[PDB]
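One structure is given here, and the rest of the page talks about it.
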Amino acid sequence: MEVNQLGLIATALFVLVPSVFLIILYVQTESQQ
Amino acid sequence: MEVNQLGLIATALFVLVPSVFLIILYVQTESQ
Amino acid sequence: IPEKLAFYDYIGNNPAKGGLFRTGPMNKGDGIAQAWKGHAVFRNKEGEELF
Amino acid sequence: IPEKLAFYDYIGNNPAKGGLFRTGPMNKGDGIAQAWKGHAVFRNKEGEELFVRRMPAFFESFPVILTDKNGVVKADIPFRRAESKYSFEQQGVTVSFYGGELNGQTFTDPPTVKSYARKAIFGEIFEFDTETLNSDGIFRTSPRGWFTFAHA
Amino acid sequence: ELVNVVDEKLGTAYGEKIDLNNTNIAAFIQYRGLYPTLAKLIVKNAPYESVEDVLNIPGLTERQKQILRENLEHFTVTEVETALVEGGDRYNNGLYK
Amino acid sequence: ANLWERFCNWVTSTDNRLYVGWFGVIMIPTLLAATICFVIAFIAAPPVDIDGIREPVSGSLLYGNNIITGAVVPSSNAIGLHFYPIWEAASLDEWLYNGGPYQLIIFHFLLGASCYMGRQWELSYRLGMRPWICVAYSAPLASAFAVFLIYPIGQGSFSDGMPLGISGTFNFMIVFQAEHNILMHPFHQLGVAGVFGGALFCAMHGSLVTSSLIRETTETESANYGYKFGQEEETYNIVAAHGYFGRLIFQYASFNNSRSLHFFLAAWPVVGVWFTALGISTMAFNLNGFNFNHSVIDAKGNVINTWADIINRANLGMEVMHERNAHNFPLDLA
Amino acid sequence: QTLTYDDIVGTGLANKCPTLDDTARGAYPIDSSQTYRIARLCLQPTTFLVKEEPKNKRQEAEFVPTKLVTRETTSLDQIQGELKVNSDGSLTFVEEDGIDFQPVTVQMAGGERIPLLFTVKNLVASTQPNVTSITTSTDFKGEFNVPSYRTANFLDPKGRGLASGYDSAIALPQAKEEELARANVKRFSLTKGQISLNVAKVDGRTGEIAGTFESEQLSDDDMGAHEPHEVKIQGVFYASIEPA
Amino acid sequence: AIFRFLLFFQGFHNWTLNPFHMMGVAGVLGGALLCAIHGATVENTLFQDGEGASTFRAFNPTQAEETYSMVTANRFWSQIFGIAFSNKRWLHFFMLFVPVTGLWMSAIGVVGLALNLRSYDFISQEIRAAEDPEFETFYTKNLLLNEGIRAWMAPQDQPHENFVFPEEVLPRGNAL
Amino acid sequence: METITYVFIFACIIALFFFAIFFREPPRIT
Amino acid sequence: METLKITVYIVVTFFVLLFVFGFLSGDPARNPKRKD
Amino acid sequence: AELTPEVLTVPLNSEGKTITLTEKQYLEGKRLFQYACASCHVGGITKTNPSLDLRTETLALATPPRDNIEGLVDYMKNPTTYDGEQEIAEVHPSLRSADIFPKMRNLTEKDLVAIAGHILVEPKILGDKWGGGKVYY
Amino acid sequence: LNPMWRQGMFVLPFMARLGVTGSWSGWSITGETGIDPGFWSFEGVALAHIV
Ligand code: CLA
Ligand code: CLA
Ligand code: CLA
Ligand code: CLA
Ligand SMILES: CC(C)=CCC/C(C)=C/CC/C(C)=C/CC/C(C)=C/CC/C(C)=C/CC/C(C)=C/CC/C(C)=C/CC/C(C)=C/CC/C(C)=C/CC1=CC(=O)C(C)=C(C)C1=O
Ligand SMILES: CC(C)=CCC/C(C)=C/CC/C(C)=C/CC/C(C)=C/CC/C(C)=C/CC/C(C)=C/CC/C(C)=C/CC/C(C)=C/CC/C(C)=C/CC1=CC(=O)C(C)=C(C)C1=O
Ligand SMILES: CCCCCCCCCCCCCCCCCC(=O)OC[C@H](CO[C@@H]1O[C@H](CO)[C@H](O)[C@H](O)[C@H]1O)OC(=O)CCCCCCCCCCCCCCCCC
Ligand SMILES: CCCCCCCCCCCCCCCC(=O)OC[C@H](COP(=O)(O)OC[C@@H](O)CO)OC(=O)CCCCCCCCCCCCCCC
Ligand code: HEC
Ligand code: OEY
Ligand SMILES: [Cl-]
Ligand SMILES: [Cl-]
Ligand SMILES: [Fe+2]
């Protein structure tokens, strides 16, 4: 299909950036205890 | 310029992924 | 009729004709405007002007 | 001659013609092959048959040189024209096709003869679909090459 | 209809002979007696309608008209080709050894 | 105290996070000017007529280059060695066409890096150190003068100076080889020995101190935690390293004296690079590498080719193709 | 007074044509039997206008000003030619030789560079009829040839040329060639230009004249690769007439 | 012979353009840099352990103590260059790592060249260059040089091929 | 898009320099 | 451009004078050990 | 291969007389040709006018013909243009012009003959390389 | 027929709204040509915000 070329990177970063933010916060939480 | 469309996503992830790896390790080192 | 004024009288330039996920400049849609083609006048076989 | 056999006699299927960052299928390079054009026979004005000298795999680019059965240069496409002796125009070079899409055809206008001669350094000449994949015209390696590179 | 006019010329007598209307002055060295004196007159006297008009050049000696007759067989004339005669290219065409 | 003495004390102060110093007072503006100009032109400068033949070479990213191919392009050959500041141009657009930014960048940069060198001396003096670090840096500095200043001086034009770009550097090297046989020049052969050998002795020294680190850690921690910043004791057994390395070759091929050992490490690459910088600087004056073309002939006088003749065949290919529209006469004399 | 090279070198004056006094408003008598020559013709362009190409609408093309980027390298000088008297009294200049071309690159707004071969090669310029004197109202109108900006040996950045060079795009071995033809096949253009010369000053003693000129010609087409631009050139000129 | 090999690799493989060779250069030049800078730093932060002008005699191969000042070196480079080593073990591991890693990377690139798997071209530049006769960069200029190396060196370099190239097909610029 | 990527990556390196120099782990003597 | 020229002459002059004068301001004595 | 009298045998005059030089004479011409001519004629080309070489075929079509010892000696005494119509001793070293080309002062007839022989002999050794230019280097 | 607003331009009209109308490149948005906008071109405004 003739889909928007930047849909892919839009999607990849929309997943990656917020998810990574949460992972950083969780891992440094777990190693306090 | 007729560059390769996937070049952008390849460069983006090449940087993003391993950088995040280091940041995760560094941050959880400081919090202990 | 200056072409600048005819171009305003065209619905492609009406901002209430878009879509939320139709991205980018207006030219990506109807194209880059080149020239006014002129004013169409429609007549039927009896020589009435129609609209 | 079966098309399959003639297709093997084409440098675009040589896996040492590729590039490290020329990505994807071979069809993304020369195109999706579609037909053998036929074996091209080249002749000078004297009737004598000439042989395009083939591109060796080392060479990104290669001059067009035609020799006789003996390997004497008889025609070329010259760089500097001012003192050329062997130009196709001077030597009345023609091309005739046998087999393939072009079987029985003969071209005499030097521009056309020249383009078939530029393809003939690659071996047998084929018709390519370049539109479907937007092929860029540059040789890729085959899976034989990619496999070997990675495992080495 | 897009052709390289220099290649097209190689397919004419320019490709076989000294074109009196187009050929660089160094090709006159090919045949005895022509260079530099006669070559310079030949080139300087512009273009010719026929090869034999070169015998009519003002000031030839009898000996030069003779050398010229001995060598007519090695000459030809085709139309003037802008790309070969502009830039002073008949006197120097960028080629040395 | 008075304003000026307050100012002098600030300049030469050893508590500044980065030392300023009198050399720093020239270094900082010149380096800033050069860096700023280099960054804007690498990204946005329009094409430059490097060879003076109205044939602009596009060097910048917005005009179709990538990181590898772009450059700040040398100034026009029509300019030669003439000085071409912005204010000698009728307009910025003229200055850009003729390669003005190259001249601005290299001149501010040679100045600033020369002052870098001086600054290395200056701070060593304020810290009570020995002075000669700055002598080590003179080898890279000298090499930079060679490709940006000396070689253009000898050849008459900054257009033949080294371009500020990755592929432009390669263009420079290939054409240098055509015009001078730098591969066949002993000073470049000393440069290769200098940096190959410097890498060698780098890997050697690293690997030998690393091999003879004293156990101060367990298998789960980086051994780097066994050294503490400022500790008085050494963290490796040089007697063990000499013992290992003396037997790898023989006992006297190996150093027993750290001071000799480290002077060797400093001296070897520095001298190498001096010689290769001297090599570019004297080929600037067309004293080229050895010429053995047709040096071997047979009893009749036939030429018996050697590898030197094969090099010459490569060189000829570079010669006849470089700057392909730029020569009207058969010798490329500069 | 006399000037030496050493007085002038590096000043920009080497690109300026000689000027005449404000009081040189005389007339040079032309004797029909006599034969004349221009011993020196100098043209110094002061401005370079380029015709903007309109959009599809075919409304109106103005000549926009431009910025010179190639410096003080623009002047024609040392041009000689016969000045001959025709039978209807008109004078005609036929250029023989001289420094009769300069490549010039100007820049348009937005960044486009327009090269052109400023030239009066093979100039043939003539007066109105029955010119018995050159006066401060004499005009020459003429035409000249404009050869291609590059000549035939010129190699493009991929090595392609007319009398030399690759004849194809060697870096794209199996690309369709038909799309690359305008760029692979070099063509050598030869066009004509028009020039008006307007004598405004005349020293009838010396036979020196001066004035302004306007010419129009085409710019570089990159050996056929793109359409040229129309260019209008204005400036000042100087000439000395000697009896020949 | 080795120089010929260098040049061969330039004109046939466009090896200067290969990122694996570029890493190799960085690690070799980087290694020489580390050699010089470390050797010089130690020689100019030595402690005065003897009373002579020749400082080589004031070092006993069994002494316990550092012979130069990590602390002063550190402060000097911190203030000259912005950062400095502070850990002698990391320093000497970094010295093995750099040139070793450099040579390994270059080896990888040559494995590719075994297969003519080169970084010869940038496709986007070639497409534009073909279409636009005014587009020139240092990349296209270097490729003309390689085209010269190949055609001028091949007949003598690879004689088993019996390459015969008339003068008229040899690529040459004007005059040269 | 490619110009922006090159310039973005270069921009980040220069930021890294600032933190690496002014926000380094401070070397201390024990 | 005339303005730019002056501005740089002045700027450059001012920095060079700082440089000259600073090394004249008793530089040999600006060291940790012997203040002459 | 070796330097044999068949190779060392060159035309004395236009009429087909031939002479046969010694190895010594050939080596002498080479030395003198280096001393006096190579600055312009290295390898049989002509740096300051590359359209004229010293190939035997070229010397044959000179007026007067110069593919023999006496024509070449005569050229060195009294040089002319390729067609023979201009004397050019003012701009070409010759005994006639030894006052402006001092390197000709110490030459003699025997030397002139040695140089004539080197030139006629060398293309028989080197072939196309003589007069070829860089293509054949 | 190809004004800024057909081209997806967003900050440009705010610069033009308060009087920035030309480029250092020689163009203006009113179509005048060979103007010189001084330092407060579109480029200069952009550089100021970045500094
Ligand atoms: C007020 C902000 C604003 C406005 C009105 C515009 C307007 C415009 N921009 Mg600009 N732009 C802006 C900010 C803005 N921009 C910013 C911040 C950036 C940097 C990222 C840019 C970068 C930019 C570029 C690079 C480009 C534009 C272009 C354009 C034009 C096309 C826009 C388009 O297709 O949008 C499309 C809009 C959408 C697809 C909407 C997506 C938003 C989603 C639906 C929301 C996310 C969902 C969220 C997670 C909800 C769940 C959360 C909740 C449950 C907690 C238009 C004139 C283009 C142009 O024509 O340039 C000349 C172009 O190429 N803009
Ligand atoms: C043994 C491994 C192997 C091999 C030989 C192949 C071979 C092939 N694949 Mg497959 N592939 C593989 C693994 C492999 N694949 C894996 C694991 C995946 C999942 C990611 C895929 C996903 C995949 C897709 C999606 C596609 C292919 C395609 C192809 C073909 C084209 C390849 C191409 O353009 O490469 C390009 C290769 C490169 C540009 C090389 C990149 C190497 C760089 C330089 C990284 C190394 C640098 C490193 C950072 C250095 C750090 C140094 C530090 C340590 C100090 C080819 C037949 C294509 C095809 O035609 O399929 C139909 C295609 O579309 N493959
Ligand atoms: C195996 C092959 C090989 C090897 C090992 C070498 C090795 C070398 N060559 Mg040779 N070369 C080769 C093949 C090879 N070459 C071939 C095949 C050719 C012909 C095609 C050449 C042609 C050639 C030329 C023409 C030149 C070399 C030069 C050199 C030297 C390069 C390093 C140098 O100058 O350091 C010295 C250090 C520097 C140049 C760095 C100066 C640093 C300045 C002062 C500071 C820069 C600051 C920077 C901008 C910012 C950093 C801070 C940042 C973090 C913010 C080195 C000796 C060069 C040379 O000798 O130069 C003198 C030279 O110009 N080579
Ligand atoms: C800035 C300049 C520069 C620099 C620094 C380098 C650096 C390098 N080049 Mg590159 N090169 C350059 C420019 C440069 N090059 C240019 C411009 C070109 C033209 C394209 C090339 C072409 C080129 C080629 C063709 C090759 C390199 C290779 C190399 C690497 C060689 C590593 C080495 O030490 O091999 C030295 C050899 C060894 C380390 C192997 C064996 C060593 C043993 C231990 C020696 C034992 C000897 C023993 C003691 C007996 C001694 C005998 C004695 C008495 C005679 C290194 C990364 C090579 C490479 O990538 O290799 C993978 C390679 O093949 N270069
Ligand atoms: C049939 C048969 C023959 C088989 C039987 C096998 C057998 C048992 C035979 C008998 C054996 C016998 C001896 C036979 C003789 C055969 C023979 C002659 C063999 C020839 C082999 C040969 C050619 C060997 C090659 C020699 C080679 C290695 C070259 C010499 C290299 C050389 C001397 C290098 C010195 C380089 C040098 C400058 C050293 C410093 C380098 C460097 C800076 C190190 C940094 C450093 C150094 C330190 O020092 C310490 C401390 C630390 C901290 C440190 O950083
Ligand atoms: C606008 C824009 C985009 C412009 C872009 C311009 C431009 C052209 C940019 C492109 C950049 C480009 C692509 C370059 C990348 C080059 C490239 C090939 C990268 C190599 C990549 C790589 C991973 C290669 C593998 C090999 C590798 C590991 C090499 C590493 C090299 C390296 C870092 C060497 C060390 C360098 C060096 C400066 C060390 C200084 C160390 C230091 C502070 C020592 C001081 C010191 C010494 C002592 O002795 C003591 C005791 C102490 C205490 C002390 O402190
Ligand atoms: C701590 C703060 C310090 C950091 C600040 C960073 C400094 C940023 C440096 C930017 C400097 C460049 C500004 C240039 C002004 C342009 C004016 C102009 O019209 O020209 C800009 C243009 C440049 O040229 C055109 O650039 C355009 C941009 O779209 C297009 O790309 C065109 O194609 C290109 O040709 O040329 C002309 O318009 C003017 C002709 C020359 C007459 C002006 C004389 C003024 C000389 C300026 C000298 C500046 C020196 C900088 C010193 C500052 C150091 C602090
Ligand atoms: C006024 C003078 C001019 C100074 C301005 C320039 C200085 C900028 C340098 C800072 C680099 C950041 C340091 C980060 C890294 C960092 O902070 O390292 C700090 C580190 C200190 O290590 P320690 O010995 O403290 O390590 C103990 C740790 O290992 C614990 O594991 O030093 C090194 O490892 C030095 C060797 C790396 C050499 C890096 C040189 C990088 C230069 C090449 C970058 C060029 C890319 C340019 C592309 C456009
Ligand atoms: C440059 C300063 C030269 C020196 C030194 C020598 N020669 Fe020369 N040679 C030179 C030129 C410019 C020419 C052409 C002159 C012309 O216009 O005709 C020549 C030509 C010759 C020839 C004629 C070659 C032919 O017709 O094929 C000969 C035989 C010749 N030159 C010989 C020669 C000798 C023997 C020299 C050493 C004494 C010598 N030349 C030196 C330029 C120069
Ligand atoms: O080498 Mn060949 O020589 Ca020094 O110039 Mn003459 O040509 Mn050109 O400008 Mn750069 O390069
Ligand atoms: Cl080049
Ligand atoms: Cl030249
Ligand atoms: Fe050490």
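The figures that follow rest on heavy atoms only: side chains count, while hydrogens, waters and symmetry mates do not. Per chain, numbering begins at 1; letters A, B, ... match sequence-line order. Read the numbers this way: they start at 1 and go in the same order the structure lists the ligands and their atoms.
Take the Fe ion (ligand 13) as the corner point: the lines to NE2 of F/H262 and to NE2 of H/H38 open at 90°, to the nearest 10 degrees. The angle H/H92:NE2 - the Fe ion (ligand 13) - F/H205:NE2 amounts to 90°, with values rounded to 10 degrees.
No salt bridge links H/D157 with F/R313; every basic N to acidic carboxylate O contact stays at or beyond 4.0 Å.
Taking every heavy atom of both residues into account, F/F158 and F/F107 meet most closely at CZ-CZ, 3.5 Å.
Heavy-atom neighbours of H/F47 CZ from other residues, nucleotides or ligands within 6.0 Å: above the threshold of 12. Counting heavy-atom neighbours within 6.0 Å of F/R247 CZ, excluding the residue itself, gives a total of 12 or less.
In this structure, H/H92 and F/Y236 have tilted ring planes: the angle between them lies in the 30° to 60° band. Under the 30°/60° scheme for interplanar angles, the aromatic rings of H/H38 and H/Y68 are found to stand perpendicular. Classified by interplanar angle (parallel below 30°, tilted 30° to 60°, perpendicular above 60°), the ring pair F/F109/F/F148 is perpendicular. The aromatic rings of H/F5 and H/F9 sit tilted relative to each other, their planes meeting at an angle between 30° and 60°. Under the 30°/60° scheme for interplanar angles, the aromatic rings of F/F264 and F/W268 are found to be tilted.
Residue nearest to atom 25 (C) of ligand 4, selected from H/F9, H/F20, H/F12: H/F9 (by heavy-atom distance). The heavy atom nearest to atom 38 (C) of ligand 3, considering only F/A139, F/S138, F/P140, is found in F/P140.
Per-atom contact check: atom 6 (C) of ligand 4 touches the protein, criterion being a heavy-atom distance below 4.0 Å. Using a 4.0 Å threshold on non-hydrogen atoms, atom 17 (C) of ligand 4 counts as touching the protein. For atom 13 (C) of ligand 4, the nearest protein heavy atom lies under 4.0 Å away. Checking atom 62 (C) of ligand 4 against the protein gives a heavy-atom contact under 4.0 Å. Remark: atom 45 (C) of ligand 4 lies closer than 4.0 Å to no protein heavy atom. At a distance under 4.0 Å, no protein heavy atom can be found next to atom 41 (C) of ligand 4. Under the 4.0 angstrom criterion, atom 20 (C) of ligand 4 counts as having a protein heavy-atom contact.
Closest to atom 36 (C) of ligand 4 among all protein heavy atoms lies F/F196 CE1, 4.4 Å. Of the protein's non-hydrogen atoms, H/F81 CE1, 4.9 Å is the one closest to atom 52 (C) of ligand 3. Closest protein heavy atom to atom 56 (C) of ligand 3: F/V195 CG1, 4.4 Å. Annotation: atom 54 (C) of ligand 3 to nearest protein heavy atom, I/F17 CZ, 4.4 Å. Looking from atom 39 (C) of ligand 4 to the surrounding protein, the closest heavy atom is H/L103 CD2, 4.2 Å.
Interface atoms of ligand 4 facing H/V110, defined by a heavy-atom separation under 4.0 Å, are 60 (O), 62 (C). Residue contact check: H/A107 has heavy atoms under 4.0 Å from atoms 62 (C) of ligand 4.
Counting heavy atoms under 4.0 Å from ligand 3, residue H/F3 does not touch it at all.
Listing protein N, O or S atoms at distances below 2.8 Å from atom 10 (Mg) of ligand 4, with waters left out, gives H/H21 NE2. Listed by chain and residue number, the protein N/O/S atoms under 2.8 Å of atom 10 (Mg) of ligand 3 are F/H188 NE2, with waters left out.
No donor-acceptor distance shorter than 3.5 angstrom exists from the side chain of H/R4 to the backbone of F/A314, with no hydrogens or angles considered.
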